[PDB]
Amino acid sequence: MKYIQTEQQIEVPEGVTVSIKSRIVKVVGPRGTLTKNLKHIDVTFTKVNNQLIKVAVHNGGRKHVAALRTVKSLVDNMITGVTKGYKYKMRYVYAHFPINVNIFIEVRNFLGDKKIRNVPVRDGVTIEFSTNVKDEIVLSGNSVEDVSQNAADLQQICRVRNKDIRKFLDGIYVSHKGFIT
Amino acid sequence: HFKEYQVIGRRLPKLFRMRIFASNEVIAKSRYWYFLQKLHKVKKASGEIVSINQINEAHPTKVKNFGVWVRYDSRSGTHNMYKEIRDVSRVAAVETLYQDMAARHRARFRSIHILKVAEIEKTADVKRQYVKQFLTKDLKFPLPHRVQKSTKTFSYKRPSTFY
Amino acid sequence: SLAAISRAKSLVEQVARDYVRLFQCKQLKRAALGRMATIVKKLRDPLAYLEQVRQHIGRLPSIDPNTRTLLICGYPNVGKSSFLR
Amino acid sequence: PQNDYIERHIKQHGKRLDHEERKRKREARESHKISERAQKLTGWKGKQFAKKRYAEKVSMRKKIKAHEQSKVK
Amino acid sequence: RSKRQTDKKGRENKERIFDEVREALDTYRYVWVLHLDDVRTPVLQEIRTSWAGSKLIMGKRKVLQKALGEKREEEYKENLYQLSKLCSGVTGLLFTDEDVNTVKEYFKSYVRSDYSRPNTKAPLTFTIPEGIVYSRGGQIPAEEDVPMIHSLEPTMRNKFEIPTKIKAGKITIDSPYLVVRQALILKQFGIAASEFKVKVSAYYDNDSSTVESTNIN
RNA sequence: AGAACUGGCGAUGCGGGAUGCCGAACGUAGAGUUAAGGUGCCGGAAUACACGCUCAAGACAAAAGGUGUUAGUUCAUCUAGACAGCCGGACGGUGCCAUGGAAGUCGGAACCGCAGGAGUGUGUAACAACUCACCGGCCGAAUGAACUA
RNA sequence: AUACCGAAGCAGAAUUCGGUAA
């Protein structure tokens, strides 16, 4: 089709304010601030009334429209994280070898393995062992990408060593996803 | 640079009439003779071209959404095709169609037949989005990444592409 | 199924012994595969049955007749389920 | 060792907590793997893949035709 | 490129409803416009079996609008545009011959148990026991109640979000969890503590075209 | 693998194709225009203009596939609400053989009362529970299937 | 030439298959 013009709109809650120069995101709100570089996408931002930012692409195509829509998706995710804040919950179980998670995140005694597993804490993500709930860890952070990457790394670096995939139930999984608010 | 000519024939009657687009009258006559065989059974020696006259646009100062029906002989037979083109004159509209066909289908003057060209004076009649997008109310769009033909071999300012 | 597998092996040996015994040479090799496929593909049903029985026979318990053994019989689930437990 | 040892354990403790989500995502990725593989596999791999895809297309067409028959009568 | 035992009804079904409404506009003696709170096939069949002189006609709301007229200047009869505009929500349109006094009583006197609906809090503060869960809910008399199936726990932990876990084939929770998830939780346990009472608005006459607007449940 | 024939060498320069068909057939010289073939450098000539294509090509394999990219053809839906996506209805008689459990969903043989299969899958010993296809609250117009290139 | 991935009713041991690679 080769659309001559295409644009989308981003909702801006009163609690947050944004300013974009040279494709630089500056999301500021009650839960802190976040930034991201979108220069490689070559999209254009346009303010209208300090409450809605237009992201538009001219003479683009499906390849460029995909990046344009991804820009809006990332902006919405950043706004939600700065406002509500994401809370990734992860639960771990053990058939016969307790997983003595300890602090930096460390994992011990997985399937009786002597080796110690650990994943460094990333920026913008916090770790809080679940209270009262048995063998549960609750993660939180304004940046969805960092929290999700930390959860994926924790779930991947601790896996069965090429044994039966059904008999061995030990592991760590994302039990629930929610928001801080 | 094509030109529009009206060519008629009658094999020396019904006075068959059709519109031919060619760069010159000589090519127009040849195309008319070729189309005569397809339309009916006639030969060049049968008669003579009764009259050939170039047709100029009534007013080459108005933008018209030309609707064109074109049949072309592809590598696997001939198929009927219809398209709409936004232009100012029929001569330019047909040339644009020829260039588009040569760019995509690689069909050229040899294997392209022009059936009918008619303007569209009402919106929503054009069913092609690439023309429909230009039929809206006065719009505005930029021209990003503009460039300048630097005659000098060397530059000292690091030119910018802004418009 | 065992008889069918034995017959297939015998036919494979027969085909091999038959061969043991440019334009023209190109077609020499085709017949070997063309007939091996005919011999083999038809055994899918016996092979399917063999595979089906393999899973069931690969988990049989240790029903040792020599060692002293005790059995329980009667109407199902009259408390018998927990007796062995 | 029992007749349903793996099934017994699965029923007694359930499947892997992420098996369903991973399986759904694995099938979603396989949905694009069909096109991804056909544009890179060379030689014997491509030769087999083309024939298998043609067979699947023919089988799918026959299945659709049979389904249409079950609706007529 | 790059895209994602019965057949589609098509325009024929819509025309069928249109013709049925057009015929029933004068076939019956009286008409009512309904706003039933929910759709429930057992209840919608009990409403039919409860009487013989009245029938409930259901269809697409916009299809009913065409049959009754989308504009007052094109209505086939007086107050038909008002009748078409009155219908809303569930496309309930009742036809009856009994007088208004007899018909109105059924709506008030008729009520049946039903599940909750989205955007509505649970009718009661039902709580699952802080231990081994049961199919019926657990908090209900445990003598009849039975432990839940082992294979359904993944759906509960995801669709319902409750922190259920399988232990030796039985689901168990460490806390007494309370009750669209609000309606789904009640639906799964079968706790239909809510009730459904079809409400009606303007009673209509096929000749007088009276608009007896009301709101009896 | 012989073959009845029509243009060309043998005796054939020169320009072009890195080198082996196109142009052109030849005295020694000065001046101007071209054929073939070229105009990013080697290489004498415009990193010339205009319409689209292509992410790895580009100066015998085409039998077939691509959720690779861009255009037209047939049918269908038409603000009586296009397509994607949320919530609900998804019922009744009800079924016989396997009897051990099988009630749509392990396997025998194919109705209809009023938007709904005597049933596309998940799953339980089987009911249970979700479901797609079919509709309804739902959204506000292009869209789904196969072909031509 | 050795190993790294995904699958098998692969409980463990142990075995086979599609890709990387000599």
# chains A, B, ... in the order shown; residues from 1 in each chain; ligands from 1
>>> closest_atom_pairs(of="chain E", to="chain A", cutoff="10 Å", atoms="only C-alpha atoms", output="tab-separated table")
residue	atom	partner	partner_atom	distance
E:157	CA	A:175	CA	7.9
E:158	CA	A:176	CA	8.0
E:161	CA	A:176	CA	7.4
E:162	CA	A:176	CA	9.5
E:163	CA	A:175	CA	8.3
E:174	CA	A:133	CA	8.2
E:175	CA	A:133	CA	9.2
>>> interface_residues(of="chain D", to="chain G", cutoff="10 Å", atoms="only C-alpha atoms (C1' of nucleotides)", output="list in words")
residues 1, 2, 3, 4, 5, 6 and 7 of chain D
>>> residues_around(residues="residue 171 (chain A)", least_positions_apart="4", cutoff="12 Å", atoms="only C-alpha atoms (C1' of nucleotides)", output="ChimeraX atom specification")
/A:90-99,101,107-111,135-136,154-161,165-167,175 /D:16-18
>>> select_by_dssp(residues="region 26-101 of chain B", states="strand (DSSP E)", output="mmCIF file with N, CA and C atoms, in the first residue's frame")
data_model
loop_
_atom_site.group_PDB
_atom_site.id
_atom_site.type_symbol
_atom_site.label_atom_id
_atom_site.label_comp_id
_atom_site.auth_asym_id
_atom_site.auth_seq_id
_atom_site.Cartn_x
_atom_site.Cartn_y
_atom_site.Cartn_z
ATOM 1 N N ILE B 49 -5.889 4.283 -44.231
ATOM 2 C CA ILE B 49 -6.280 4.998 -43.021
ATOM 3 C C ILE B 49 -7.088 6.221 -43.444
ATOM 4 N N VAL B 50 -8.375 6.237 -43.091
ATOM 5 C CA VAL B 50 -9.259 7.306 -43.548
ATOM 6 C C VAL B 50 -8.795 8.651 -43.000
ATOM 7 N N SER B 51 -8.486 8.704 -41.706
ATOM 8 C CA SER B 51 -8.069 9.952 -41.084
ATOM 9 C C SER B 51 -7.322 9.650 -39.795
ATOM 10 N N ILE B 52 -6.270 10.423 -39.537
ATOM 11 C CA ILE B 52 -5.508 10.349 -38.297
ATOM 12 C C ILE B 52 -5.285 11.769 -37.799
ATOM 13 N N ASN B 53 -5.681 12.032 -36.556
ATOM 14 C CA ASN B 53 -5.567 13.362 -35.974
ATOM 15 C C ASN B 53 -5.160 13.250 -34.513
ATOM 16 N N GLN B 54 -4.203 14.080 -34.109
ATOM 17 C CA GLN B 54 -3.792 14.128 -32.714
ATOM 18 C C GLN B 54 -4.852 14.829 -31.875
ATOM 19 N N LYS B 64 -7.010 15.040 -12.542
ATOM 20 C CA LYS B 64 -8.082 14.090 -12.810
ATOM 21 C C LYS B 64 -7.662 12.709 -12.334
ATOM 22 N N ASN B 65 -8.578 12.013 -11.658
ATOM 23 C CA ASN B 65 -8.346 10.637 -11.217
ATOM 24 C C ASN B 65 -8.761 9.702 -12.349
ATOM 25 N N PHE B 66 -7.855 9.544 -13.311
ATOM 26 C CA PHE B 66 -8.155 8.762 -14.503
ATOM 27 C C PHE B 66 -8.355 7.293 -14.149
ATOM 28 N N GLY B 67 -9.458 6.721 -14.625
ATOM 29 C CA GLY B 67 -9.685 5.296 -14.552
ATOM 30 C C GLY B 67 -9.372 4.666 -15.893
ATOM 31 N N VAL B 68 -8.446 3.710 -15.885
ATOM 32 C CA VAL B 68 -7.905 3.130 -17.107
ATOM 33 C C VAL B 68 -8.110 1.623 -17.073
ATOM 34 N N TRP B 69 -8.626 1.075 -18.170
ATOM 35 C CA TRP B 69 -8.720 -0.363 -18.380
ATOM 36 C C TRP B 69 -7.656 -0.757 -19.395
ATOM 37 N N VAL B 70 -6.748 -1.644 -18.993
ATOM 38 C CA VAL B 70 -5.606 -2.028 -19.814
ATOM 39 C C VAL B 70 -5.513 -3.546 -19.845
ATOM 40 N N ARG B 71 -5.312 -4.098 -21.038
ATOM 41 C CA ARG B 71 -5.077 -5.521 -21.232
ATOM 42 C C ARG B 71 -3.656 -5.714 -21.742
ATOM 43 N N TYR B 72 -2.929 -6.649 -21.134
ATOM 44 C CA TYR B 72 -1.540 -6.904 -21.482
ATOM 45 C C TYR B 72 -1.328 -8.395 -21.697
ATOM 46 N N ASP B 73 -0.382 -8.718 -22.575
ATOM 47 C CA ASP B 73 -0.060 -10.102 -22.923
ATOM 48 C C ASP B 73 1.131 -10.531 -22.072
ATOM 49 N N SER B 74 0.837 -11.155 -20.934
ATOM 50 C CA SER B 74 1.882 -11.624 -20.039
ATOM 51 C C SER B 74 2.603 -12.821 -20.658
ATOM 52 N N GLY B 77 -0.169 -15.949 -21.566
ATOM 53 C CA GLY B 77 -1.445 -15.459 -22.044
ATOM 54 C C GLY B 77 -1.666 -13.991 -21.727
ATOM 55 N N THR B 78 -2.856 -13.520 -22.092
ATOM 56 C CA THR B 78 -3.257 -12.135 -21.890
ATOM 57 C C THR B 78 -4.393 -12.068 -20.878
ATOM 58 N N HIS B 79 -4.324 -11.080 -19.988
ATOM 59 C CA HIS B 79 -5.307 -10.907 -18.929
ATOM 60 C C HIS B 79 -5.773 -9.458 -18.889
ATOM 61 N N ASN B 80 -7.046 -9.276 -18.545
ATOM 62 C CA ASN B 80 -7.650 -7.954 -18.455
ATOM 63 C C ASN B 80 -7.342 -7.353 -17.089
ATOM 64 N N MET B 81 -6.869 -6.107 -17.083
ATOM 65 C CA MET B 81 -6.524 -5.404 -15.858
ATOM 66 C C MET B 81 -7.153 -4.018 -15.867
ATOM 67 N N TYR B 82 -7.502 -3.536 -14.676
ATOM 68 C CA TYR B 82 -8.096 -2.218 -14.497
ATOM 69 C C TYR B 82 -7.372 -1.491 -13.375
ATOM 70 N N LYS B 83 -7.125 -0.197 -13.575
ATOM 71 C CA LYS B 83 -6.385 0.594 -12.603
ATOM 72 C C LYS B 83 -6.886 2.030 -12.630
ATOM 73 N N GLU B 84 -6.633 2.738 -11.532
ATOM 74 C CA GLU B 84 -6.927 4.159 -11.412
ATOM 75 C C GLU B 84 -5.632 4.913 -11.140
ATOM 76 N N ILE B 85 -5.431 6.015 -11.858
ATOM 77 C CA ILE B 85 -4.214 6.813 -11.754
ATOM 78 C C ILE B 85 -4.601 8.275 -11.599
ATOM 79 N N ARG B 86 -3.972 8.952 -10.644
ATOM 80 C CA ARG B 86 -4.172 10.381 -10.434
ATOM 81 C C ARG B 86 -3.134 11.146 -11.246
ATOM 82 N N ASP B 87 -3.601 11.975 -12.176
ATOM 83 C CA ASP B 87 -2.710 12.724 -13.052
ATOM 84 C C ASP B 87 -3.461 13.940 -13.578
#
>>> select_by_dssp(residues="region 7-72 of chain D", states="helix (DSSP H, G or I)", output="PyMOL selection string")
chain D and resi 7-13+19-38+44-72
>>> atom_distance(atom1="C1' of residue 53 (chain F)", atom2="CA of residue 104 (chain B)")
6.9 Å
>>> residues_around(residues="region 76-91 of chain F", least_positions_apart="5", cutoff="8 Å", atoms="only C-alpha atoms (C1' of nucleotides)", output="list in words")
residues 14, 39, 40, 41, 42, 62, 63, 66, 118 and 180 of chain E; 115, 116, 136, 137, 138, 140, 141, 142, 143 and 144 of chain F
>>> closest_residue(among="E:50, E:25, E:12, E:138", to="residue 83 (chain E)", atoms="only C-alpha atoms")
E:25
>>> atom_distance(atom1="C1' of residue 120 (chain F)", atom2="CA of residue 5 (chain E)")
9.1 Å
>>> interface_residues(of="chain F", to="chain D", cutoff="10 Å", atoms="only C-alpha atoms (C1' of nucleotides)", output="PDB file with N, CA, C and O atoms (P, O5', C5', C4', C3', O3' and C1' of nucleotides), in the first residue's frame")
ATOM      1  P     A F  64       4.894 -27.303 -10.721  1.00  0.00           P
ATOM      2  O5'   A F  64       4.972 -27.850  -9.227  1.00  0.00           O
ATOM      3  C5'   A F  64       4.598 -27.027  -8.130  1.00  0.00           C
ATOM      4  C4'   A F  64       5.296 -27.450  -6.862  1.00  0.00           C
ATOM      5  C3'   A F  64       5.424 -26.380  -5.786  1.00  0.00           C
ATOM      6  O3'   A F  64       4.253 -26.259  -4.994  1.00  0.00           O
ATOM      7  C1'   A F  64       7.516 -27.444  -6.102  1.00  0.00           C
ATOM      8  P     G F  65       3.740 -24.816  -4.504  1.00  0.00           P
ATOM      9  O5'   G F  65       4.532 -24.563  -3.144  1.00  0.00           O
ATOM     10  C5'   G F  65       4.293 -25.366  -1.997  1.00  0.00           C
ATOM     11  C4'   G F  65       5.287 -25.065  -0.902  1.00  0.00           C
ATOM     12  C3'   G F  65       5.334 -23.618  -0.431  1.00  0.00           C
ATOM     13  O3'   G F  65       4.339 -23.318   0.533  1.00  0.00           O
ATOM     14  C1'   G F  65       7.527 -24.364  -0.881  1.00  0.00           C
ATOM     15  P     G F  66       3.794 -21.815   0.696  1.00  0.00           P
ATOM     16  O5'   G F  66       5.029 -21.018   1.311  1.00  0.00           O
ATOM     17  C5'   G F  66       5.513 -21.311   2.615  1.00  0.00           C
ATOM     18  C4'   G F  66       6.652 -20.399   2.997  1.00  0.00           C
ATOM     19  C3'   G F  66       6.361 -18.908   2.924  1.00  0.00           C
ATOM     20  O3'   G F  66       5.705 -18.419   4.080  1.00  0.00           O
ATOM     21  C1'   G F  66       8.420 -19.368   1.848  1.00  0.00           C
ATOM     22  P     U F  67       4.100 -18.392   4.160  1.00  0.00           P
ATOM     23  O5'   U F  67       3.792 -17.308   5.287  1.00  0.00           O
ATOM     24  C5'   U F  67       4.018 -15.924   5.048  1.00  0.00           C
ATOM     25  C4'   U F  67       4.543 -15.221   6.275  1.00  0.00           C
ATOM     26  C3'   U F  67       5.821 -15.811   6.869  1.00  0.00           C
ATOM     27  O3'   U F  67       6.642 -14.767   7.393  1.00  0.00           O
ATOM     28  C1'   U F  67       4.101 -15.864   8.489  1.00  0.00           C
ATOM     29  P     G F  68       8.236 -14.813   7.190  1.00  0.00           P
ATOM     30  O5'   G F  68       8.424 -15.011   5.620  1.00  0.00           O
ATOM     31  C5'   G F  68       7.967 -14.028   4.703  1.00  0.00           C
ATOM     32  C4'   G F  68       9.119 -13.273   4.087  1.00  0.00           C
ATOM     33  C3'   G F  68       8.757 -12.011   3.319  1.00  0.00           C
ATOM     34  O3'   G F  68       8.536 -10.894   4.163  1.00  0.00           O
ATOM     35  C1'   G F  68      10.263 -13.302   2.038  1.00  0.00           C
TER      36        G F  68
END
>>> residues_around(residues="residue 43 (chain A)", least_positions_apart="2", cutoff="9 Å", atoms="only C-alpha atoms (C1' of nucleotides)", output="PyMOL selection string")
chain A and resi 23+38-41+45+55-58+64+67-68+71
>>> write_last_selection(atoms="N, CA, C and O atoms", output="mmCIF file, in the first residue's frame")
data_model
loop_
_atom_site.group_PDB
_atom_site.id
_atom_site.type_symbol
_atom_site.label_atom_id
_atom_site.label_comp_id
_atom_site.auth_asym_id
_atom_site.auth_seq_id
_atom_site.Cartn_x
_atom_site.Cartn_y
_atom_site.Cartn_z
ATOM 1 N N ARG A 23 14.702 11.628 19.510
ATOM 2 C CA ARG A 23 14.262 10.263 19.797
ATOM 3 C C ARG A 23 14.880 9.752 21.099
ATOM 4 O O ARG A 23 15.540 8.711 21.147
ATOM 5 N N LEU A 38 15.713 5.484 21.063
ATOM 6 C CA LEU A 38 15.007 4.944 19.908
ATOM 7 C C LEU A 38 15.487 5.594 18.612
ATOM 8 O O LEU A 38 14.730 5.705 17.646
ATOM 9 N N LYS A 39 16.750 6.029 18.584
ATOM 10 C CA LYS A 39 17.282 6.678 17.391
ATOM 11 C C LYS A 39 17.301 5.724 16.203
ATOM 12 O O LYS A 39 17.015 6.126 15.070
ATOM 13 N N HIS A 40 17.635 4.455 16.442
ATOM 14 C CA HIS A 40 17.732 3.483 15.360
ATOM 15 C C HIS A 40 16.394 3.208 14.685
ATOM 16 O O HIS A 40 16.381 2.608 13.605
ATOM 17 N N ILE A 41 15.278 3.623 15.286
ATOM 18 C CA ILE A 41 13.970 3.405 14.676
ATOM 19 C C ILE A 41 13.551 4.559 13.769
ATOM 20 O O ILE A 41 12.721 4.358 12.870
ATOM 21 N N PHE A 45 8.418 12.220 16.945
ATOM 22 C CA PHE A 45 7.478 12.540 18.008
ATOM 23 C C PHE A 45 6.930 13.949 17.810
ATOM 24 O O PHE A 45 7.587 14.812 17.223
ATOM 25 N N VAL A 55 3.256 9.706 17.478
ATOM 26 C CA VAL A 55 4.368 8.995 16.857
ATOM 27 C C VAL A 55 3.955 8.679 15.426
ATOM 28 O O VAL A 55 3.019 7.903 15.200
ATOM 29 N N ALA A 56 4.652 9.276 14.461
ATOM 30 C CA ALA A 56 4.248 9.222 13.065
ATOM 31 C C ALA A 56 5.404 8.755 12.195
ATOM 32 O O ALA A 56 6.575 8.997 12.500
ATOM 33 N N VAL A 57 5.054 8.078 11.104
ATOM 34 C CA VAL A 57 6.007 7.626 10.099
ATOM 35 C C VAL A 57 5.494 8.060 8.734
ATOM 36 O O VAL A 57 4.309 7.891 8.423
ATOM 37 N N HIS A 58 6.386 8.623 7.921
ATOM 38 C CA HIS A 58 6.043 9.133 6.600
ATOM 39 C C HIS A 58 6.795 8.339 5.543
ATOM 40 O O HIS A 58 7.999 8.097 5.681
ATOM 41 N N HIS A 64 8.766 -0.550 8.566
ATOM 42 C CA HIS A 64 8.815 0.646 9.399
ATOM 43 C C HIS A 64 7.578 0.780 10.279
ATOM 44 O O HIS A 64 7.672 1.304 11.394
ATOM 45 N N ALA A 67 8.136 -1.130 13.517
ATOM 46 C CA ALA A 67 8.939 -0.384 14.479
ATOM 47 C C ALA A 67 8.146 0.768 15.081
ATOM 48 O O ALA A 67 8.272 1.064 16.275
ATOM 49 N N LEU A 68 7.326 1.437 14.268
ATOM 50 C CA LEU A 68 6.513 2.536 14.778
ATOM 51 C C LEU A 68 5.560 2.050 15.862
ATOM 52 O O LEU A 68 5.428 2.676 16.920
ATOM 53 N N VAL A 71 7.359 1.210 19.013
ATOM 54 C CA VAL A 71 7.701 2.408 19.776
ATOM 55 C C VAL A 71 6.556 2.782 20.709
ATOM 56 O O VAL A 71 6.764 3.077 21.892
#
>>> interface_residues(of="chain B", to="chain F", cutoff="7 Å", atoms="only C-alpha atoms (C1' of nucleotides)", output="ChimeraX atom specification")
/B:81,96,99-100,103-105
>>> write_last_selection(atoms="N, CA, C and O atoms", output="JSON list (two decimals), in the first residue's frame")
[["chain", "number", "residue", "atom", "x", "y", "z"],
["B", 81, "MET", "N", -6.87, -6.11, -17.08],
["B", 81, "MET", "CA", -6.52, -5.40, -15.86],
["B", 81, "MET", "C", -7.15, -4.02, -15.87],
["B", 81, "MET", "O", -7.32, -3.40, -16.92],
["B", 96, "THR", "N", 2.51, 6.99, -17.30],
["B", 96, "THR", "CA", 2.75, 6.48, -15.95],
["B", 96, "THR", "C", 2.34, 5.02, -15.83],
["B", 96, "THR", "O", 3.04, 4.22, -15.20],
["B", 99, "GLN", "N", 5.03, 2.94, -17.52],
["B", 99, "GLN", "CA", 6.22, 2.83, -16.69],
["B", 99, "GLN", "C", 6.00, 1.89, -15.52],
["B", 99, "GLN", "O", 6.88, 1.10, -15.17],
["B", 100, "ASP", "N", 4.82, 1.97, -14.88],
["B", 100, "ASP", "CA", 4.53, 1.08, -13.77],
["B", 100, "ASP", "C", 4.49, -0.37, -14.22],
["B", 100, "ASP", "O", 5.02, -1.26, -13.54],
["B", 103, "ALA", "N", 7.97, -1.55, -14.79],
["B", 103, "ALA", "CA", 8.71, -1.71, -13.55],
["B", 103, "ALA", "C", 8.33, -3.01, -12.85],
["B", 103, "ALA", "O", 9.21, -3.73, -12.36],
["B", 104, "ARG", "N", 7.04, -3.32, -12.79],
["B", 104, "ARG", "CA", 6.57, -4.53, -12.12],
["B", 104, "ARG", "C", 6.46, -5.68, -13.10],
["B", 104, "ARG", "O", 7.38, -6.49, -13.23],
["B", 105, "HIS", "N", 5.34, -5.75, -13.83],
["B", 105, "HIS", "CA", 5.08, -6.88, -14.71],
["B", 105, "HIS", "C", 6.05, -6.96, -15.88],
["B", 105, "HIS", "O", 6.06, -7.97, -16.59]]
>>> closest_residue(among="E:139, E:113, E:151, E:201", to="chain F", atoms="only C-alpha atoms (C1' of nucleotides)")
E:151
>>> interface_residues(of="chain A", to="chain B", cutoff="10 Å", atoms="only C-alpha atoms", output="PyMOL selection string")
chain A and resi 1-5+57-59
>>> interface_residues(of="chain D", to="chain E", cutoff="10 Å", atoms="only C-alpha atoms", output="NGL selection string")
:D and (8-20 or 32 or 67-68 or 70-71)
>>> atom_distance(atom1="CA of residue 178 (chain A)", atom2="CA of residue 140 (chain A)")
9.4 Å
>>> residues_around(residues="residue 94 (chain F)", least_positions_apart="4", cutoff="12 Å", atoms="only C-alpha atoms (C1' of nucleotides)", output="number ranges by chain")
F: 103-104, 111, 118
>>> residues_around(residues="residue 37 (chain E)", least_positions_apart="4", cutoff="8 Å", atoms="only C-alpha atoms (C1' of nucleotides)", output="PyMOL selection string")
chain E and resi 90+196-199
>>> interface_residues(of="chain C", to="chain D", cutoff="8 Å", atoms="only C-alpha atoms", output="PyMOL selection string")
chain C and resi 56+59-61
